[PDB]
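Enquirer: You'll find target-v5.cif just under this line, and it carries mmCIF, C-alpha atoms and all ligand atoms.
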data_run
#
loop_
_atom_site.label_atom_id
_atom_site.label_comp_id
_atom_site.auth_asym_id
_atom_site.auth_seq_id
_atom_site.Cartn_x
_atom_site.Cartn_y
_atom_site.Cartn_z
CA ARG K 2 101.16 105.03 75.31
CA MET K 3 102.63 107.54 77.78
CA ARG K 4 102.90 106.63 81.47
CA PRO K 5 104.89 107.64 84.59
CA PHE K 6 106.50 104.22 85.09
CA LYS K 7 107.27 102.08 82.04
CA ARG K 8 107.32 98.28 81.92
CA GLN K 9 110.92 97.10 81.51
CA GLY K 10 111.93 93.59 80.51
CA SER K 11 114.83 91.85 82.21
CA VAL K 12 118.08 91.35 80.30
CA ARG K 13 120.66 88.57 80.61
CA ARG K 14 123.99 88.38 78.76
CA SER X 248 102.64 64.58 85.48
CA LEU X 249 100.09 67.33 84.83
CA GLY X 250 99.34 68.77 81.41
CA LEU X 251 97.73 71.51 79.36
CA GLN X 252 94.61 69.35 79.01
CA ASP X 253 94.01 69.57 82.79
CA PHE X 254 93.80 73.39 82.93
CA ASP X 255 91.16 75.90 81.84
CA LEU X 256 92.52 78.93 79.96
CA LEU X 257 90.75 82.02 81.33
CA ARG X 258 92.67 85.23 80.60
CA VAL X 259 96.08 86.58 79.65
CA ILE X 260 97.26 88.62 82.64
CA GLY X 261 100.93 89.35 81.94
CA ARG X 262 103.81 89.48 79.49
CA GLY X 263 107.55 89.85 79.94
CA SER X 264 110.81 89.32 78.07
CA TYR X 265 110.80 85.55 78.70
CA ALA X 266 107.24 84.42 79.43
CA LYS X 267 103.53 85.02 78.87
CA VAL X 268 101.46 84.71 82.06
CA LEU X 269 97.89 83.39 81.83
CA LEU X 270 95.03 83.17 84.32
CA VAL X 271 94.10 79.47 84.53
CA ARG X 272 91.86 77.12 86.49
CA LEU X 273 92.51 73.48 87.30
CA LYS X 274 89.42 71.81 85.86
CA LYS X 275 89.47 68.90 88.32
CA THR X 276 89.54 70.86 91.60
CA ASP X 277 88.15 74.30 90.54
CA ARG X 278 91.21 76.08 91.99
CA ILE X 279 92.46 79.30 90.37
CA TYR X 280 96.15 79.70 89.52
CA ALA X 281 98.54 81.66 87.32
CA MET X 282 100.58 79.94 84.62
CA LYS X 283 103.98 81.23 83.50
CA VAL X 284 104.46 80.07 79.90
CA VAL X 285 108.09 80.13 78.74
CA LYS X 286 109.01 79.36 75.13
CA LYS X 287 112.05 77.14 74.69
CA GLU X 288 113.59 79.14 71.83
CA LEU X 289 114.63 81.77 74.38
CA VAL X 290 115.64 79.11 76.91
CA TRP X 298 118.51 77.78 84.75
CA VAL X 299 115.61 75.26 84.82
CA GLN X 300 117.40 73.68 87.73
CA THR X 301 117.44 77.08 89.47
CA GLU X 302 114.05 78.58 88.57
CA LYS X 303 112.20 75.38 89.45
CA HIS X 304 114.10 74.80 92.71
CA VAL X 305 113.54 78.44 93.70
CA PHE X 306 109.79 78.15 93.15
CA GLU X 307 109.99 75.12 95.45
CA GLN X 308 111.59 77.09 98.30
CA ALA X 309 109.25 80.05 97.77
CA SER X 310 106.20 77.84 98.43
CA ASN X 311 107.00 77.88 102.17
CA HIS X 312 106.96 81.65 102.75
CA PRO X 313 104.28 84.36 103.09
CA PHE X 314 105.88 86.96 100.79
CA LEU X 315 106.92 84.61 97.96
CA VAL X 316 104.95 83.18 95.04
CA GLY X 317 104.72 79.40 95.43
CA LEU X 318 104.91 76.61 92.86
CA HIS X 319 101.92 74.33 92.26
CA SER X 320 103.11 72.12 89.40
CA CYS X 321 105.46 72.04 86.42
CA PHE X 322 104.88 70.61 82.95
CA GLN X 323 106.17 71.13 79.43
CA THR X 324 105.11 70.90 75.79
CA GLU X 325 107.19 70.44 72.62
CA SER X 326 107.52 74.23 72.29
CA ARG X 327 106.96 75.71 75.75
CA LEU X 328 107.62 75.35 79.48
CA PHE X 329 104.80 75.90 81.97
CA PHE X 330 104.96 77.03 85.61
CA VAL X 331 101.71 76.72 87.55
CA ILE X 332 101.98 79.12 90.48
CA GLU X 333 99.73 81.09 92.81
CA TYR X 334 97.40 83.81 91.56
CA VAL X 335 97.88 87.18 93.26
CA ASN X 336 94.65 88.98 92.38
CA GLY X 337 95.65 92.51 93.43
CA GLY X 338 98.07 93.14 90.59
CA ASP X 339 101.67 94.28 90.80
CA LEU X 340 103.35 97.40 92.17
CA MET X 341 103.96 98.81 88.68
CA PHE X 342 100.25 98.81 87.83
CA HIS X 343 99.45 100.26 91.27
CA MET X 344 102.16 102.91 90.79
CA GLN X 345 101.10 104.37 87.45
CA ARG X 346 97.77 105.22 89.12
CA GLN X 347 99.11 106.35 92.51
CA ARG X 348 102.13 108.07 90.86
CA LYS X 349 103.77 108.46 94.30
CA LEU X 350 103.47 106.74 97.67
CA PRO X 351 103.68 108.08 101.22
CA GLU X 352 106.74 107.08 103.22
CA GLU X 353 104.50 105.10 105.58
CA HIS X 354 103.30 103.00 102.64
CA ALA X 355 106.72 102.49 101.01
CA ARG X 356 108.11 101.49 104.41
CA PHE X 357 105.45 98.77 104.67
CA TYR X 358 106.13 97.24 101.24
CA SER X 359 109.93 97.48 101.41
CA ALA X 360 109.92 95.93 104.89
CA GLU X 361 107.95 92.90 103.67
CA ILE X 362 110.24 92.75 100.62
CA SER X 363 113.28 92.96 102.91
CA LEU X 364 112.06 89.93 104.86
CA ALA X 365 111.40 87.94 101.67
CA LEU X 366 114.82 88.96 100.35
CA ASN X 367 116.57 87.90 103.56
CA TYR X 368 114.83 84.52 103.38
CA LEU X 369 116.27 84.15 99.88
CA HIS X 370 119.67 85.53 100.95
CA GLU X 371 119.89 83.15 103.93
CA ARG X 372 119.01 80.20 101.66
CA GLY X 373 121.78 80.98 99.16
CA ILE X 374 119.66 82.69 96.49
CA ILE X 375 120.20 86.09 94.86
CA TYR X 376 116.90 87.45 93.53
CA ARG X 377 118.68 89.78 91.06
CA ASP X 378 115.44 91.07 89.53
CA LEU X 379 113.67 93.11 92.21
CA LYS X 380 111.44 95.60 90.39
CA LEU X 381 107.88 96.92 90.40
CA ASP X 382 106.73 94.25 87.93
CA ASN X 383 108.10 91.42 90.09
CA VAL X 384 106.23 92.46 93.26
CA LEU X 385 102.53 91.65 93.51
CA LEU X 386 99.74 92.78 95.84
CA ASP X 387 97.41 90.14 97.28
CA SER X 388 93.70 90.45 98.06
CA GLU X 389 94.41 91.56 101.64
CA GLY X 390 97.04 94.20 100.80
CA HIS X 391 100.35 92.41 101.42
CA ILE X 392 103.06 91.59 98.86
CA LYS X 393 104.54 88.55 97.13
CA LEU X 394 107.65 88.21 94.97
CA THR X 395 107.45 86.40 91.62
CA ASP X 396 109.56 85.81 88.49
CA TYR X 397 112.75 83.98 89.51
CA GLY X 398 114.46 83.97 86.13
CA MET X 399 117.66 85.73 87.19
CA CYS X 400 117.86 84.02 90.61
CA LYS X 401 121.22 82.47 91.45
CA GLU X 402 121.46 79.31 93.51
CA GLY X 403 124.10 77.73 95.71
CA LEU X 404 125.72 80.73 97.41
CA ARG X 405 127.70 79.36 100.32
CA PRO X 406 128.87 82.12 102.73
CA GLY X 407 131.32 84.37 100.89
CA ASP X 408 130.62 83.37 97.28
CA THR X 409 130.21 85.75 94.33
CA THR X 410 128.92 85.56 90.76
CA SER X 411 129.72 87.49 87.59
CA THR X 412 126.57 87.21 85.43
CA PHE X 413 125.39 90.46 83.87
CA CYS X 414 121.62 90.31 84.35
CA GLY X 415 118.59 92.08 85.79
CA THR X 416 116.38 94.92 84.70
CA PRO X 417 118.26 97.84 83.07
CA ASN X 418 116.97 100.45 85.55
CA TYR X 419 117.74 98.26 88.58
CA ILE X 420 121.20 96.85 87.75
CA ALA X 421 123.69 97.57 90.52
CA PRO X 422 126.91 99.48 89.75
CA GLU X 423 128.94 96.41 90.75
CA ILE X 424 127.51 94.58 87.73
CA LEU X 425 128.08 97.65 85.56
CA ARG X 426 131.76 97.67 86.61
CA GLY X 427 132.16 93.98 85.72
CA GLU X 428 132.97 93.14 89.35
CA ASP X 429 132.05 89.97 91.17
CA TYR X 430 129.05 90.47 93.42
CA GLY X 431 126.93 88.79 96.05
CA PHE X 432 123.58 89.58 97.68
CA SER X 433 124.60 93.26 97.50
CA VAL X 434 122.71 93.62 94.21
CA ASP X 435 119.31 92.91 95.78
CA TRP X 436 119.57 95.74 98.31
CA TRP X 437 120.57 98.14 95.53
CA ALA X 438 117.42 97.23 93.60
CA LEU X 439 115.39 97.69 96.79
CA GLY X 440 116.99 101.13 97.03
CA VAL X 441 115.99 102.00 93.47
CA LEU X 442 112.54 100.56 94.19
CA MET X 443 112.11 102.58 97.39
CA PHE X 444 113.23 105.70 95.53
CA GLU X 445 110.48 105.09 92.98
CA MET X 446 107.80 104.58 95.63
CA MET X 447 108.53 107.78 97.55
CA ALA X 448 109.89 110.15 94.90
CA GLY X 449 107.45 108.97 92.23
CA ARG X 450 110.16 108.56 89.59
CA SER X 451 113.16 106.36 88.93
CA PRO X 452 116.34 108.01 90.31
CA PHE X 453 117.96 107.47 86.89
CA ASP X 454 115.23 108.49 84.41
CA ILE X 455 114.22 112.03 85.42
CA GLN X 464 126.68 105.19 74.38
CA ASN X 465 123.39 107.08 74.14
CA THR X 466 120.13 105.47 75.27
CA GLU X 467 120.49 102.25 77.29
CA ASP X 468 124.23 102.68 77.76
CA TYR X 469 123.32 106.26 78.63
CA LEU X 470 121.30 104.94 81.56
CA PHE X 471 124.24 102.66 82.40
CA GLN X 472 126.61 105.61 82.70
CA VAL X 473 123.97 107.61 84.62
CA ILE X 474 123.56 104.70 87.06
CA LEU X 475 127.35 104.79 87.47
CA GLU X 476 128.26 108.48 87.23
CA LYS X 477 125.16 110.47 88.14
CA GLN X 478 124.30 111.44 91.72
CA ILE X 479 120.93 110.51 93.22
CA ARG X 480 119.11 113.77 94.02
CA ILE X 481 116.55 113.28 96.80
CA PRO X 482 113.67 115.79 96.60
CA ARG X 483 113.40 118.25 99.47
CA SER X 484 109.93 116.94 100.40
CA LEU X 485 111.30 113.65 101.75
CA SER X 486 112.16 113.13 105.40
CA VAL X 487 115.67 112.90 106.81
CA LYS X 488 115.08 109.22 107.60
CA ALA X 489 113.78 108.54 104.08
CA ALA X 490 116.70 110.46 102.55
CA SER X 491 119.25 108.51 104.60
CA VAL X 492 117.65 105.14 103.79
CA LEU X 493 117.92 105.89 100.06
CA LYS X 494 121.49 107.22 100.27
CA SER X 495 122.45 104.13 102.29
CA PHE X 496 120.80 101.74 99.81
CA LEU X 497 121.93 103.61 96.68
CA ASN X 498 125.55 103.83 97.85
CA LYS X 499 127.74 103.11 94.83
CA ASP X 500 130.25 101.16 96.94
CA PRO X 501 128.96 97.64 97.73
CA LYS X 502 131.25 97.43 100.77
CA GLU X 503 129.64 100.59 102.21
CA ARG X 504 126.01 99.87 101.29
CA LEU X 505 123.23 99.17 103.77
CA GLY X 506 122.50 95.46 104.11
CA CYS X 507 125.86 94.56 102.54
CA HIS X 508 127.46 94.20 105.98
CA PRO X 509 128.88 90.68 106.48
CA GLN X 510 126.98 88.99 109.33
CA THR X 511 125.35 92.30 110.29
CA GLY X 512 123.46 92.81 107.01
CA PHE X 513 119.77 92.40 107.86
CA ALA X 514 120.26 93.73 111.41
CA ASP X 515 121.61 96.97 109.93
CA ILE X 516 118.50 97.29 107.76
CA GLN X 517 116.27 96.70 110.80
CA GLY X 518 118.16 99.26 112.89
CA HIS X 519 118.11 102.10 110.40
CA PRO X 520 116.03 105.15 111.47
CA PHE X 521 113.66 104.63 108.53
CA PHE X 522 112.96 101.02 109.57
CA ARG X 523 112.57 101.87 113.26
CA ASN X 524 109.28 101.80 115.17
CA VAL X 525 108.52 98.85 112.84
CA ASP X 526 107.73 95.43 114.28
CA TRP X 527 109.45 92.91 112.02
CA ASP X 528 108.18 89.80 113.79
CA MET X 529 104.56 90.92 113.52
CA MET X 530 105.30 91.84 109.91
CA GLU X 531 106.78 88.41 109.17
CA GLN X 532 103.65 86.89 110.72
CA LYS X 533 101.29 89.03 108.58
CA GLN X 534 100.04 90.93 111.64
CA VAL X 535 100.63 94.50 110.37
CA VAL X 536 97.64 96.20 108.72
CA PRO X 537 98.32 97.06 105.06
CA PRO X 538 98.05 100.76 104.19
CA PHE X 539 96.31 100.01 100.88
CA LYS X 540 93.75 97.28 100.22
CA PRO X 541 93.34 96.40 96.52
CA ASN X 542 89.92 97.00 94.97
CA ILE X 543 89.18 93.54 93.59
CA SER X 544 86.97 94.59 90.67
CA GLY X 545 85.83 92.47 87.75
CA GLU X 546 86.00 88.75 87.17
CA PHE X 547 88.67 87.10 89.35
CA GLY X 548 89.92 90.60 90.19
CA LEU X 549 91.06 91.19 86.60
CA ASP X 550 90.52 94.96 86.77
CA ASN X 551 93.79 94.99 88.75
CA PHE X 552 95.76 93.95 85.65
CA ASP X 553 96.58 96.00 82.56
CA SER X 554 94.08 95.89 79.72
CA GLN X 555 96.87 95.52 77.16
CA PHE X 556 97.11 91.86 78.23
CA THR X 557 93.57 91.04 79.38
CA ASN X 558 92.31 92.07 75.92
CA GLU X 559 94.62 89.74 74.00
CA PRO X 560 92.82 86.61 72.75
CA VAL X 561 93.00 83.93 75.42
CA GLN X 562 94.94 81.30 73.50
CA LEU X 563 98.42 79.94 72.87
CA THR X 564 100.42 81.10 69.83
CA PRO X 565 100.64 78.48 67.03
CA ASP X 566 103.86 76.52 66.60
CA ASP X 567 106.46 76.53 63.82
CA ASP X 568 107.58 72.93 63.18
CA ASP X 569 110.66 74.38 61.46
CA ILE X 570 111.65 76.42 64.53
CA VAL X 571 110.56 73.84 67.14
CA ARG X 572 112.58 71.07 65.46
CA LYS X 573 115.88 72.65 66.58
CA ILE X 574 115.17 72.55 70.34
CA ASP X 575 117.49 70.24 72.29
CA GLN X 576 114.83 68.46 74.34
CA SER X 577 117.57 66.55 76.23
CA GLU X 578 117.86 69.53 78.61
CA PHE X 579 114.23 69.52 79.85
CA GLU X 580 114.20 65.84 80.90
CA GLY X 581 113.00 66.19 84.49
CA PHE X 582 110.86 69.32 84.23
CA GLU X 583 107.61 67.48 85.03
CA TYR X 584 106.73 68.26 88.65
CA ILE X 585 103.73 68.37 91.01
CA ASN X 586 104.10 69.95 94.44
CA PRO X 587 103.21 67.37 97.21
CA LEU X 588 101.59 69.82 99.65
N1 LIG K 601 101.43 84.52 90.31
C1 LIG K 601 101.07 85.66 89.68
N2 LIG K 601 99.92 86.31 90.00
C2 LIG K 601 99.55 87.44 89.37
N3 LIG K 601 100.27 88.03 88.40
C3 LIG K 601 101.44 87.49 87.98
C4 LIG K 601 101.91 86.25 88.61
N4 LIG K 601 103.08 85.93 88.02
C5 LIG K 601 103.33 86.88 87.09
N5 LIG K 601 102.36 87.81 87.06
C6 LIG K 601 102.31 89.00 86.17
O1 LIG K 601 102.97 88.70 84.94
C7 LIG K 601 103.92 89.72 84.61
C8 LIG K 601 105.16 89.12 83.97
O2 LIG K 601 105.41 87.84 84.54
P1 LIG K 601 106.91 87.38 84.89
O3 LIG K 601 106.81 86.15 85.77
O4 LIG K 601 107.67 88.59 85.39
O5 LIG K 601 107.50 86.90 83.46
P2 LIG K 601 108.84 87.47 82.76
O6 LIG K 601 109.95 86.70 83.44
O7 LIG K 601 108.65 87.14 81.30
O8 LIG K 601 108.85 88.95 83.05
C9 LIG K 601 104.24 90.45 85.90
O9 LIG K 601 104.34 91.86 85.69
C10 LIG K 601 103.08 90.14 86.82
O10 LIG K 601 102.23 91.29 86.91
MN MN K 602 108.19 90.24 85.67
MN MN K 603 111.91 86.59 84.53
MN MN K 604 97.37 106.03 104.47
#
Produce structure tokens that represent the structure in this file.
Ligand SMILES: Nc1ncnc2c1ncn2[C@@H]1O[C@H](COP(=O)(O)OP(=O)(O)O)[C@@H](O)[C@H]1O
Ligand SMILES: [Mn+2]
Ligand SMILES: [Mn+2]
Ligand SMILES: [Mn+2]
Expert:
Amino acid sequence: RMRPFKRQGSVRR
Amino acid sequence: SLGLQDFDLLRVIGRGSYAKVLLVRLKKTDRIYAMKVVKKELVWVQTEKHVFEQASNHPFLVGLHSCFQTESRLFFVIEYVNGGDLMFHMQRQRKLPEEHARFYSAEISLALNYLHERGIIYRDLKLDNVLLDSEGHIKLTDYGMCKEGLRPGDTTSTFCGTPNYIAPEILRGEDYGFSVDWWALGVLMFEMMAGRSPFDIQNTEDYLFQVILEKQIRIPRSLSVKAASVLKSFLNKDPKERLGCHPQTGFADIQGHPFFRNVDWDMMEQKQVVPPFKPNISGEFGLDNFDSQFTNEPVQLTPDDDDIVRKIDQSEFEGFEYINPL
């Protein structure tokens, strides 16, 4: 898919 | 304690890096909720539960109904916000007027302050984690990065958050406080009004990390002088110079800024301001306000692997069972 805003997952390290 | 046998599985409404969110119904009392399903192979637990507890007594926070667990998963029964999230309602709108962004960020600011003044650092403010209700207001969900126990003047060092929203303080390996939530609100407000992340338009995620640290935020010429100044004051790379990061005078500074002037914060806290956008609750339970990549997945739970689930140290989830007593 191609969209203006992309779903980003949170990171923890 | 409640259980999976007491809930009706309706639809899959969300997915993240830690959990799968399902639309559920308590079979006994016909009430409609959302259920955050967290697998224990990824997995805090003291913090995310206790933060859902606090959030239940606030208008702009998602509240906790009950907690229960299975051999493979952890379940969070929370409220159901049937208008979707800001991300969904931003890929359609593509860009918001400053009057609209001011409304959402003001309500977020109040919710954030309530967390800040209780010792909690949200540390994951993004489009996905803000939801629109049936009337047009907002609610904050997903407290996976939340910190707990911040007595006045404390700092933490955990590298966490969403890659686009991580504050420079974290990127510089510094200790940080609530300052990281007002940076994310800055990045969020930039997305609402400009229509694009201020960092998107060693080489792909660490490229963003250097951009976030070295690149300059370029406000488009179509924005107002008050909007420009509220972004430059929230996206200030120096936490000691940022808006809202003013010891004792933090929230007051955010309420006194030209952008957040002419705004009534006490009517806003009391849900007396009229939303600029009222969600179009279409479909069953308002499911046309959620992406079809999730509402088309089969409504079920993924089968278990007795070889993978036999490694989980279940002596860390002892007191997870919980039922909110009103
Ligand atoms: N109470 C809720 N009501 C409606 N939608 C929700 C609710 N909680 C989560 N969601 C949806 O689920 C998605 C991901 O859930 P989230 O709690 O962020 O899990 P993760 O921590 O895995 O990202 C969000 O983008 C949001 O749209
Ligand atoms: Mn989320
Ligand atoms: Mn999370
Ligand atoms: Mn309007």
Enquirer: Just need the residues of chain K within 6 Å of chain X, counting all atoms listed in the file, so spit them out as a ChimeraX atom specification.
Expert: /K:5-6,10-14
Enquirer: Quick one: everything within 9 Å of range 384-393 of chain X, counting all atoms listed in the file, minus sequence neighbours fewer than 3 positions away in the same chain. Send it as a PDB file with C-alpha atoms, keeping the file's coordinate frame.
Expert:
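The resulting file, out_18.pdb, is reproduced below:
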ATOM      1  CA  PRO X 313     104.280  84.360 103.090  1.00  0.00           C
ATOM      2  CA  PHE X 314     105.880  86.960 100.790  1.00  0.00           C
ATOM      3  CA  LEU X 315     106.920  84.610  97.960  1.00  0.00           C
ATOM      4  CA  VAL X 316     104.950  83.180  95.040  1.00  0.00           C
ATOM      5  CA  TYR X 334      97.400  83.810  91.560  1.00  0.00           C
ATOM      6  CA  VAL X 335      97.880  87.180  93.260  1.00  0.00           C
ATOM      7  CA  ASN X 336      94.650  88.980  92.380  1.00  0.00           C
ATOM      8  CA  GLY X 337      95.650  92.510  93.430  1.00  0.00           C
ATOM      9  CA  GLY X 338      98.070  93.140  90.590  1.00  0.00           C
ATOM     10  CA  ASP X 339     101.670  94.280  90.800  1.00  0.00           C
ATOM     11  CA  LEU X 340     103.350  97.400  92.170  1.00  0.00           C
ATOM     12  CA  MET X 341     103.960  98.810  88.680  1.00  0.00           C
ATOM     13  CA  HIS X 343      99.450 100.260  91.270  1.00  0.00           C
ATOM     14  CA  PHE X 357     105.450  98.770 104.670  1.00  0.00           C
ATOM     15  CA  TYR X 358     106.130  97.240 101.240  1.00  0.00           C
ATOM     16  CA  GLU X 361     107.950  92.900 103.670  1.00  0.00           C
ATOM     17  CA  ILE X 362     110.240  92.750 100.620  1.00  0.00           C
ATOM     18  CA  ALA X 365     111.400  87.940 101.670  1.00  0.00           C
ATOM     19  CA  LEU X 379     113.670  93.110  92.210  1.00  0.00           C
ATOM     20  CA  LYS X 380     111.440  95.600  90.390  1.00  0.00           C
ATOM     21  CA  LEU X 381     107.880  96.920  90.400  1.00  0.00           C
ATOM     22  CA  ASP X 396     109.560  85.810  88.490  1.00  0.00           C
ATOM     23  CA  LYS X 533     101.290  89.030 108.580  1.00  0.00           C
ATOM     24  CA  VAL X 536      97.640  96.200 108.720  1.00  0.00           C
ATOM     25  CA  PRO X 537      98.320  97.060 105.060  1.00  0.00           C
ATOM     26  CA  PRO X 538      98.050 100.760 104.190  1.00  0.00           C
ATOM     27  CA  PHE X 539      96.310 100.010 100.880  1.00  0.00           C
ATOM     28  CA  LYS X 540      93.750  97.280 100.220  1.00  0.00           C
ATOM     29  CA  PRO X 541      93.340  96.400  96.520  1.00  0.00           C
ATOM     30  CA  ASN X 542      89.920  97.000  94.970  1.00  0.00           C
ATOM     31  CA  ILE X 543      89.180  93.540  93.590  1.00  0.00           C
ATOM     32  CA  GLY X 548      89.920  90.600  90.190  1.00  0.00           C
TER      33      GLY X 548
END
Enquirer: Quick one, how far is CA of residue 466 in chain X from CA of residue 422 in chain X?
Expert: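 Separating CA of residue 466 in chain X from CA of residue 422 in chain X is a distance of 17.1 Å.
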Enquirer: Enter the distance from CA of residue 579 in chain X to CA of residue 304 in chain X, in Å, rounded to one decimal.
Expert: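 About the pair CA of residue 579 in chain X and CA of residue 304 in chain X: they are 13.9 Å apart.
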Enquirer: Using CA of residue 257 in chain X and atom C7 of ligand LIG 601 (chain K) as the two end points, give the distance in Å to one decimal.
Expert: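 Separating CA of residue 257 in chain X from atom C7 of ligand LIG 601 (chain K) is a distance of 15.6 Å.
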Enquirer: Any chance you could work out the axis-aligned box around range 9-13 of chain K, listed atoms only, 8 Å on each side, giving centre and edge lengths in Å to one decimal, as lines of an AutoDock Vina configuration file?
Expert:
center_x = 115.8
center_y = 92.8
center_z = 81.3
size_x = 25.7
size_y = 24.5
size_z = 17.9
Enquirer: Hey, which of X:321, X:471, X:495, X:507 ends up closest to residue 430 in chain X? Count all atoms listed in the file.
Expert: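 Going through X:321, X:471, X:495, X:507 one by one, the smallest distance to residue 430 in chain X is for X:507.
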Enquirer: What lies within 10 Å of residue 282 in chain X using all atoms listed in the file, ignoring chain neighbours under 4 positions off, as number ranges by chain?
Expert: X: 254, 256, 259-261, 266-272, 318-321, 328-334
Enquirer: For residue 431 in chain X, list every protein, DNA or RNA residue within 10 Å, evaluated using all atoms listed in the file, and leave out those in the same chain fewer than 5 positions away; present the list as a list in words.
Expert: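 Close residues of residue 431 in chain X: residues 370, 373, 374, 375, 377, 401, 404, 406, 407, 408, 409, 410, 411, 423, 501 and 507 of chain X.
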Enquirer: Pull C-alpha atoms from the residues just selected and write them as a CSV table (one decimal), in the frame of the given file.
Expert:
chain,number,residue,atom,x,y,z
X,370,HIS,CA,119.7,85.5,101.0
X,373,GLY,CA,121.8,81.0,99.2
X,374,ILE,CA,119.7,82.7,96.5
X,375,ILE,CA,120.2,86.1,94.9
X,377,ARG,CA,118.7,89.8,91.1
X,401,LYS,CA,121.2,82.5,91.4
X,404,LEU,CA,125.7,80.7,97.4
X,406,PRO,CA,128.9,82.1,102.7
X,407,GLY,CA,131.3,84.4,100.9
X,408,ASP,CA,130.6,83.4,97.3
X,409,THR,CA,130.2,85.8,94.3
X,410,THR,CA,128.9,85.6,90.8
X,411,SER,CA,129.7,87.5,87.6
X,423,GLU,CA,128.9,96.4,90.8
X,501,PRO,CA,129.0,97.6,97.7
X,507,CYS,CA,125.9,94.6,102.5
Enquirer: With distances taken over only C-alpha atoms and all ligand atoms, which of X:249, X:360, X:474, X:285 is nearest to ligand LIG 601 (chain K)?
Expert: X:285
Enquirer: Which residue, X:524, X:395, X:586, X:555, has the smallest gap to residue 322 in chain X when you use only C-alpha atoms?
Expert: X:586
